[PDB]
Amino acid sequence: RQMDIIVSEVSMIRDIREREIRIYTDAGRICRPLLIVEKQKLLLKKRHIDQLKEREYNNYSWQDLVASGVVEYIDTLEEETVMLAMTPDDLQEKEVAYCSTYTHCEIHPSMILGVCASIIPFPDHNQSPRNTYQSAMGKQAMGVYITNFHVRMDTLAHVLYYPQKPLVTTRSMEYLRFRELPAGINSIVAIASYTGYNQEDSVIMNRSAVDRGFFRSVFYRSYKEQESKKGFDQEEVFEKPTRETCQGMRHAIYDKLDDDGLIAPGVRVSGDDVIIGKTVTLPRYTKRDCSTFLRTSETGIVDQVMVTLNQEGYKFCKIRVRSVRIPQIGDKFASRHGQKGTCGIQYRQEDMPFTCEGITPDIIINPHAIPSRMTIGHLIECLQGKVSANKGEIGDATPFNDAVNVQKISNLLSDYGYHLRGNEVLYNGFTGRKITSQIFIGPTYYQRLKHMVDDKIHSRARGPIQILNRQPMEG
Amino acid sequence: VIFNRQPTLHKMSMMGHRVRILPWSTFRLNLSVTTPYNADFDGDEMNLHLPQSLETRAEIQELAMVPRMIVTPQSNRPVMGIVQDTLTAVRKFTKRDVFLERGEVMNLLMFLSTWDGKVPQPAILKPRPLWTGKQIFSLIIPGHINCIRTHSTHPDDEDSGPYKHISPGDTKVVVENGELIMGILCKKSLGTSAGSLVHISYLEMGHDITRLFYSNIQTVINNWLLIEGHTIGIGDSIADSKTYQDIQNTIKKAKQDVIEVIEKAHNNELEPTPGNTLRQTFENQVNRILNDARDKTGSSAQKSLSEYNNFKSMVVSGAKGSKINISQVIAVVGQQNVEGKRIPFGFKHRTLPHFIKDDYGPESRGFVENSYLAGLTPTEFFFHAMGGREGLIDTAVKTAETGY
Amino acid sequence: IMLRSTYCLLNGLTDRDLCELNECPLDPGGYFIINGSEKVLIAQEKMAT
Amino acid sequence: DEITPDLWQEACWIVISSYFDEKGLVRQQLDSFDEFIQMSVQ
Amino acid sequence: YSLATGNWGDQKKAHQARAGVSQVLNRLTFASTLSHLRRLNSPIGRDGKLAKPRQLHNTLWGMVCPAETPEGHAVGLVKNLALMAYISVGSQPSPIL
Amino acid sequence: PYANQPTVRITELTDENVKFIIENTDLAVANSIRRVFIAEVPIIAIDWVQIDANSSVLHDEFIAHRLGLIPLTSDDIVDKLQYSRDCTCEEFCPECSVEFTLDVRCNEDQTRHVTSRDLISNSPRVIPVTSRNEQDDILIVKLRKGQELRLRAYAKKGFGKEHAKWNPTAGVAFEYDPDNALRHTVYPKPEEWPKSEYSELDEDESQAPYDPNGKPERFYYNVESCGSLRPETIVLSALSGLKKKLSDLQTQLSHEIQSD
Amino acid sequence: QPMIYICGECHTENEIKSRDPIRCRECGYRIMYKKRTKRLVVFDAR
Amino acid sequence: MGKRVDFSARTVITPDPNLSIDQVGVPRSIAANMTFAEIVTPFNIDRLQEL
Amino acid sequence: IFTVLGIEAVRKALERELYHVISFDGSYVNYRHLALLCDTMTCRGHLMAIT
Amino acid sequence: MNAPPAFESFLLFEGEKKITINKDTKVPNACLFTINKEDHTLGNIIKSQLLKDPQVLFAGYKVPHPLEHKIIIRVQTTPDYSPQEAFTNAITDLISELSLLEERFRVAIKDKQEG
Amino acid sequence: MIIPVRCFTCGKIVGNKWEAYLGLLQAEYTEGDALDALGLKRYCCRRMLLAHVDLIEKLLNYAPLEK
RNA sequence: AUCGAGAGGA
Ligand SMILES: [Mg+2]
Ligand SMILES: [Zn+2]
Ligand SMILES: [Zn+2]
Ligand SMILES: [Zn+2]
């Protein structure tokens with residue numbers, strides 16, 4: 001604890017019943033930081049918090065906190081000998097003392113979660129499989145994967161037009177930089193049965209919201225190519241092919257290519273089009289077409305073309321093509337609670353149900369997705385988000401927080417002229433009649449997932465066949 | 001076309017469909033035919049095969065079409081029934097106090113394919129003409145079928161006392177000459193079970209009439225649910241303070257009884273029962289204290305519910321959920337088990353480093369005394385994650401061995 | 001070389017300097033670039049020695 | 001001197017912030033590679 | 001080669017080598033990149049149907065995320081670091097001795 | 001068997017919204033008027049873009065989509081212009097569209113906000129609403145020193161049924177029976193619900209006594225304008241367009257009865 | 001015919017013929033980008 | 001025992017309350033790419049000539 | 001059961017055990033399917049494993 | 001890939017007509033009006049106005065499929081009346097209502113702006 | 001990456017309010033009070049301003065392709 | 001194109 005000869009990552013376990021003292025300095029030991037506890041008292045005093053508050057002036061950092069003997073890294077094997085306080089409230093003298101001999105305290109229990117589970121708001125109000133499914137699906141959510149995406153020639157990349165930070169957030173996301181590169185949009189979710197097009201894990205989206213850019217994304221796809229001069233026997237070269245010299249020329253037109261054989265940026269390209277005109281010298285004479293076509297049925301625009309030399313040093317070309325993906329029926333969307341579903345139908349703003357103040361939901365999800373799944377975090381997030389949007393906040397959905405429960409959120413929401421439980425009177429968009437049931441509606445953070453239907457739809461009728469067995473190809 | 005979903009488990013996983021060309025780029029399915037395919041719409045994909053000859057087309061038309069597939073030979077009962085929104089909404093629609101106006105009735109009759117064009121005489125003519133939901137479902141019901149069922153909330157002591165044939169709760173479904181004489185329809189009447197209205201329709205009427213029956217229930221009920229609406233929110237997960245404080249009193253019994261048992265075991269006041277070691281008897285005795293607690297708190301939460309509650313609405317209809325789900329959302333999540341036992345001592349005689357050694361109390365071994373609305377404590381959260389991981393492993397490991 | 005490691009050219013650079021090399025300041029590093037492809041080493045569990 | 005409960009909920013998060021100001025999220029990768037280059041190769 | 005393919009071992013022993021090390025970094029979204037950089041892997045073999053190594057052990061508390069795990073064939077074998085988890089880099093025991 | 005005799009009472013009229021009450025009409029008529037506010041009131045909006053140069057950090061479709069959503073003053077011009085379907089010209093002409101140019105280049109160090117004020121029109125009547133002679137101008141794109149955006153747009157006539165950019169409303173509040181007298185809603189717990197702004201009840205009373213013989217009358221509207229039209233112009237256009245749809249339907253109906 | 005490219009480092013206009021190694025003649029940088037085409041691509045602002 | 005086949009299509013499934021149970025809603029693109037070989041007869045000569 | 005009572009006894013008992021496995025979770029399968037499985041399993045005078 | 005143009009919902013294809021009238025042989029004095037490229041906006045008002053006619057025995061409408069862009073209106077009248085005549089009178093009454101509403105809204109604006 | 005032009009829900013213009021919103025925030029308004037000053041009644045438009053992340057400001061830290 | 005690997009989806 002003094003940063004003397006023993007470094008911080010050294011584990012020192014005393015098994016008492018068997019008289020071993022096992023000291024470990026090797027690598028690969030997973031450990032975590034914990035607050036040391038005096039007799040029944042944190043060593044972390046207000047002086048440490050004060051110095052930490054001005055961390056940017058007096059260069060008082062974490063590593064001084066460790067050097068002060070206030071924090072300690074404990075490995076899994078040494079936890080067996082440690083008596084942990086979940087919070088300093090456990091250190092507090094009680095009518096019946098549970099332990100009274102604690103040695104360490106959690107900094108915060110929410111640090112048991114990882115990167116993707118630290119995104120979930122109110123994860124302790126969900127069934128745990130739902131938290132696992134979200135931790136999986138946050139990795140398929142679109143956003144801005146990195147700030148310098150304009151210069152990266154990634155094979156596949158999805159960028160959301162209008163990423164938003166969640167209105168209801170956890171205090172862990174401040175370190176995941178989710179606020180700075182968020183992967184979703186706050187959507188006005190109504191949980192309702194409306195026309196039957198959201199049944200069995202499906203959603204009804206607002207066509208008008210989609211027209212305004214709601215969950216619109218851009219898909220970037222990069223195509224490689226290189227002209228190999230491996231030997232005088234045969235050499236490839238980028239050049240606009242010609243019908244008179246090239247042998248394996250498809251019937252697709254090559255007019256979009258330039259002299260150099262490379263398409264130019266800003267050119268609209270449809271499926272089966274040519275972006276690189278490459279010809280290889282033969283042993284329809286003395287050169288055969290080996291051009292690069294678009295991956296079929298894409299219909300994008302050439303975002304940019306880069307030319308350079310590879311390691312060995314022949315020409316090398318990268319072409320990024322850009323395709324705007326507007327959400328549509330069959331695109332998969334998810335909240336942060338394992339509630340995934342495809343778009344069942346899109347209604348225009350006049351067809352959607354509306355509140356007395358003409359707010360239509362961006363998304364309508366079916367109430368039958370809640371009861372078996374027990375994703376109460378979804379409902380609490382919706383209510384907290386209504387409070388946050390009406391109050392001008394960002395809600396605190398950190399997992400284990402006794403200063404935030406459903407009652408106090410409901411009391412807050414009732415102060416803004418809303419039903420305290422997040423229900424509203426909606427009117428049928430088609431007829432304008434009030435719906436007899438008051439619908440639960442509010443802001444919820446939704447995610448657009450990589451799984452778009454246009455990348456999955458496929459059909460065949462007498463296409464190509466495999467060489468070995470003359471059967472249809474795969475994929 | 002043959003429409004198929006993988007894994008192709010039984011003969012209803014590949015059925016014949018007639019093609020309907022529609023704008024966007026997905027395969028659009030009816031909602032009753034999702035249960036045979038085990039299909040939902042969270043990104044599922046399905047395969048379409050087009051027979052290429054009149055021979056095979058006739059074969060699929062006469063053998064494999066969906067209406068011919070309504071009743072499965074596996075369990076002599078329908079394989080597809082009425083499903084989520086239509087089932088919740090038909091439960092709400094056939095309640096005794098559903099009265100439809102003239103315009104609403106005409107709007108619903110627009111969606112009956114098998115309608116003779118005759119508006120039925122309203123059940124109430126004065127002071128206002130009002131039709132009932134049973135009166136319109138009677139028009140949906142085909143042929144002249146006869147059926148007796150009981151709604152899921154039917155009390156078991158009602159068939160004995162008076163009011164057998166005039167049910168106070170509008171349970172005891174009676175369809176007679178194709179008219180819903182009485183009762184609230186639900187999973188027991190329109191689901192996949194044996195003797196239901198859909199089964200009896202398939203047996204008495206053909207597969208064509210039953211196809212139309214399915215479609216008509218869905219269209220009429222969905223267009224009525226456009227008026228009625230169905231939702232779920234926080235208000236359905238709340239209970240009154242009486243109920244909360246009953247549940248807390250029950251849990252504090254349960255813990256304080258488990259403490260009783262723990263001292264008896266500690267003082268050797270506890271003797272084994274036949275067929276079990278002392279450890280196993282203590283574990284039984286604690287688990288049966290805590291299951292009594294979980295059942296009692298669940299009962300309290302159930303009785304606290306109103307008939308405006310949407311959790312209850314979906315559980316009575318049988319559309320989705322169960323009473324145990326309501327108990328976990330409102331009352332208490334309960335004991336988390338790993339391999340059928342309480343949470344194991346993965347540390348030295350400890351489930352976590354936050355407990356003292358040799359702590360067999362309910363908290364320590366994975367009893368979640370909170371609801372999902374209350375929120376789990378960090379230890380409860382970890383133990384619940386352990387139990388859910390057990391479920392995920394089971395789901396991911398049974399498939400290979402069952403498929404083999 | 002693992003990116004943002006001590007022997008990486010991006011080591012100790014400011015957010016200015018990273019942007020001015022066409023690098024994202026929020027990029028954590030921790031991966032290699034082999035043949036232009038970003039490769040990440042997954043920690044491998046093993047039974048202690 | 002003592003952090004009272006009313007302050008705890010930001011004392012703790014202040015501490016957590018400092019940790020992530022010092023370490024980050026990929027500290028294990030960078031430290032492993034650094035140790036490999038400084039020690040393991042030699 | 002070994003960082004490019006992930007086959008961890010000599011190129012000649014391409015079958016005795018253990019693959020899955022050195023994966024292509026997920027750049028779909030920032031969370032996927034962070035998680036992939038904090039990914040741990042238990043080389044028990046996905047073919048194994050014993051649940052014990054896939055169970056969430058009590059000792060994962062504070063070290064590994066209780067929730068983040070693939071729900072397919074590797075459930076509980078591929079894990080993720082908890083946020084404040086730090087894997088020790090190794091040190092010399094001579095000062096201690 | 002005959003028409004309603006609806007009455008109107010306008011309770012608020014600003015440049016931003018119109019709050020009015022229609023009284024003695026059917027709920028279907030009221031909702032069709034509400035729907036026409038959103039979906040069948042034509043305005044002018046950019047529906048054709050040609051990017052001559054775009055060095056900005058937003059790709060070309062992003063700029064185009066963003067330009068389409070800028071409201072253009074459509075008050076007197078929208079009735080005069082034709083749909084390009086109906087125009088007997090080529091792709092464009094002044095009788096069916098409006099030209100816009102934008103040509104901005106950031107020369108200084110210091111970030112250039114390409115706003116709707118840089119959208120220069122050939123028609124002085126059809127201009128960006130924010131540019132009209134307070135509220136700032138809609139931000140099209142931020143440009144760094146060396147970046148440049150030069151484009152040529154054409155704005156056309158359409159309504160919200162084709163695309164939300166032709167929707168003139170910024171929210172249509174619609175209400176009826178503020179006190180739940182018709183019981184078209186059924187509150188489980190009527191005391192928990194806040195009162196409507198149009199409610200006429202003492203605070204002890206949660207909802208009005210049930211009216212068995214009532215129907216919906218006295219529908220309350222708050223039509224907020226995005227800026228392209230005035231709200232009263234939105235309502236008058238909506239009434240004309242709904243009517244005038246009905247007239248076209250009548251004409252086709254007469255032909256179809258004739259022909260039988 | 002000229003097919004002018006831009007430098008990734010120095011952003012310099014420069015013409016390069018075929019069968020020429022790709023290298024900027026300001027600064028020798030190895031990566032070059034094609035200029036935006038001069039055809040007329042139309043966008044519906046939707 | 002199993003093999004790849006022609007005249008097959010695959011895509012995401014979506015709800016449709018307005019289809020009968022025996023109907024499947026299919027895209028124009030799948031239907032335009034999938035074909036059925038219909039034999040010509042005086043019964044269908046004219047219709048098939050339009051197609 | 002086969003060794004002690006014989007092929008028809010084990011046919012009956014195997015029916016019984018499969019029915020117990022199937023119905024323990026409240027499920028139901030038509031008896032003709034269990035009967036056909038158990039007959040395939042015993043029609044040759046010995047216990048034929050499904051392997 | 002499969003997105004219909006947004007104009008399809010309201011524009012008419014060549015050779016397909018706005019409205020088609022069909023006997024309903026079910027019952028006497030009933031007709032089906034299939035109206036193309038309209039939606040709930042006109043269907044609801046026409047149906048409600050028809051429900052005002054005491055000589056109309058049935059008035060209903062449906063959008064058979066939201067992805068399709070037609071409505072069906074079924075009208076049954078008394079034997080001395082006609083569903084075509086009922087439909088015509090309903091449209092005429094709606095037009096007169098909307099004209100009156102427009103004039104009164106103009107007056108109400110007139111008054112609001114000046115007082 | 002940049003403030004949307006319209007509110008996704010109602011279609012109210014919010015694209016001219018980001019700069020004013022930031023100016024009000026540095027003027028020591030609370031976020032709610034600032035949203036009230038800009039006339040965003042509805043929690044949808046308040047969502048639009050309150051949840052916006054101005055990523056374009058970071059994208060402008062990179063030099064363009066042409067000088 | 002083949003092979004292998006990996007990551008994912010239901
Ligand atoms: Mg599924
Ligand atoms: Zn013109
Ligand atoms: Zn250069
Ligand atoms: Zn809004």
Side-chain angles (χ1 to χ4, degrees), chain A residues 116 132-133 135-142 154-156 158 200-202 248 280 290 292 330-334 338 340-342 449-453 455-458 464-469 473-475, chain B residues 4-9 13 26-27 29 34 37-47 392 395-396 399 403, chain C residues 31 34 37-42 44, chain E residues 1-9 11-29 31-33 35-37 39 41 43 45-46 68-75 77-78 80, chain H residues 10-14:
Chain A
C116 286
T132 293
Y133 301 150
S135 304
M137 272 181 302
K139 303 193 267 272
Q140 300 141 9
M142 297 174 185
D154 300 326
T155 301
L156 306 171
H158 303 265
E200 277 283 19
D201 309 315
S202 178
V280 67
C290 177
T292 300
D331 283 5
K332 197 197 278 184
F333 299 81
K340 47 175 164 149
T342 59
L449 308 184
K450 65 189 289 192
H451 311 293
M452 282 170 251
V453 64
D455 297 90
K456 287 161 159 52
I457 182 159
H458 175 54
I465 59 184
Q466 312 173 29
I467 301 299
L468 186 53
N469 49 72
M473 293 296 308
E474 184 177 333
Chain B
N4 171 45
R5 172 162 180 288
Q6 271 94 356
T8 303
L9 291 201
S13 282
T26 48
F27 281 147
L29 269 185
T34 46
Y37 290 118
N38 201 39
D40 62 358
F41 306 112
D42 62 354
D44 298 10
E45 292 165 46
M46 286 189 66
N47 310 312
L392 297 159
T395 292
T399 60
Chain C
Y31 56 93
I34 295 91
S37 179
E38 290 177 323
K39 301 279 157 57
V40 54
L41 287 172
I42 314 306
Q44 304 293 319
Chain E
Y1 159 85
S2 82
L3 292 172
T5 54
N7 301 323
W8 211 248
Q11 181 166 4
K12 197 201 193 184
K13 303 177 76 173
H15 52 98
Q16 299 193 27
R18 53 192 171 85
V21 194
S22 194
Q23 302 174 358
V24 185
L25 184 67
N26 214 308
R27 285 281 196 178
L28 195 91
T29 194
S32 66
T33 303
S35 73
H36 205 171
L37 292 152
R39 197 76 54 72
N41 187 63
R46 313 303 187 267
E68 185 170 3
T69 197
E71 56 259 25
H73 61 87
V75 63
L77 301 176
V78 182
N80 274 97
Chain H
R10 187 182 166 93
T11 176
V12 179
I13 51 165
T14 299

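The chains referred to below are lettered A, B, ... by the order of the sequence lines, with proteins before strands, and numbering in each begins at 1. Hydrogens, waters and symmetry mates are skipped; everything else that's a heavy atom, side chains included, is used.
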**Q** Using a cut-off of 4.0 Å on non-hydrogen atoms, how would the nucleic acid contact of A:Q466 be classed: base, sugar-phosphate, or nothing?
**A**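 Contact class for A:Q466: none.
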**Q** Respond yes when some side-chain nitrogen or oxygen of A:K340 is under 4.0 Å from OP1 or OP2 of L:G9, and no when none is.
**A**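 For A:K340, the contact criterion (side-chain N or O under 4.0 Å from OP1 or OP2 of L:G9) is not met.
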**Q** Could you check how far CG of A:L156 sits from P of L:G8, rounded to whole Å?
**A**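 Atom-to-atom, A:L156 to L:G8, this comes out as 15 Å.
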**Q** If I take atom CG from residue E:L25 and atom OG from residue E:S32, how far apart are they, to the nearest 0.5 angstrom?
**A**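 OG of E:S32 is found 7.5 Å from CG of E:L25.
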**Q** For B:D40 and L:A10, give me the distance from atom CG to atom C1', rounded to whole Å.
**A** 8 Å
**Q** Among L:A1, L:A10, L:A5, find the nucleotide with the atom closest to the side chain of A:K332.
**A** L:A10
**Q** OG1/H:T14 to CG/A:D331 distance, rounded to the nearest 0.5 angstrom?
**A** 9.5 Å
**Q** Where the side chain of C:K39 meets the backbone of E:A4, is there a donor-acceptor pair that is under 3.5 Å apart?
**A** yes
**Q** Could you give the CG-to-P distance, from E:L28 to L:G9, as a whole number of Å?
**A** 11 Å
**Q** Any side-chain N or O of A:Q140 less than 4.0 Å from the OP1 or OP2 oxygen of L:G9?
**A** yes
**Q** Does the side chain of E:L28 come within less than 4.5 Å of A:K139's, by heavy atoms?
**A**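 Heavy-atom side-chain distance check fails, nothing below 4.5 Å.
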**Q** Would you kindly compare B:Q6 and E:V78 by the position of their nearest RNA chain L nucleotide and give the one closer to the 5′ end?
**A** E:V78
**Q** Grab the CG-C1' distance between B:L29 and L:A10 for me, whole Å please.
**A**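 That distance rounds to 14 Å.
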**Q** Return the value, rounded to whole Å, for the distance between atom CD1 of H:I13 and atom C1' of L:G9.
**A**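 Atom CD1 in H:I13 sits about 13 Å away from atom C1' in L:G9.
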**Q** Rounded to whole angstroms, how far apart are CD1 on C:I42 and P on L:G8?
**A**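 So the CD1-P distance, C:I42 to L:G8, works out to 10 Å.
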**Q** When you get a sec, tell me which of L:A10, L:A1, L:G9 is the closest nucleotide to the side chain of H:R10?
**A** L:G9
**Q** Would you say L:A7 has OP1 or OP2 under 4.0 Å from some side-chain N or O of E:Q23?
**A** yes
**Q** Starting at the 5' end of RNA chain L, which residue's closest nucleotide do you reach first, E:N7 or E:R39?
**A** E:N7
**Q** Distance from B:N4 atom CG to B:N47 atom CG, nearest 0.5 Å?
**A**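 Between atom CG of B:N4 and atom CG of B:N47 there are 5.0 Å.
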**Q** Does a side-chain N or O of A:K456 approach OP1 or OP2 of L:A10 to a distance below 4.0 Å, or not?
**A**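 It does not, given that no N or O in the side chain of A:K456 lies less than 4.0 Å from OP1 or OP2 of L:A10.
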**Q** For the pair made of CG in E:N41 and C1' in L:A5, what is the distance, rounded to whole Å?
**A**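 E:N41 atom CG is separated from L:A5 atom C1' by 14 Å.
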**Q** Can you tell me how far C1' of L:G8 sits from NE2 of A:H451, to the nearest Å?
**A**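 Going from NE2 in A:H451 over to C1' in L:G8 covers 7 Å.
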**Q** For E:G6, report the nucleic acid contact type (base, sugar-phosphate, nothing); a contact means any heavy atom under 4.0 Å.
**A**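 Touches nothing.
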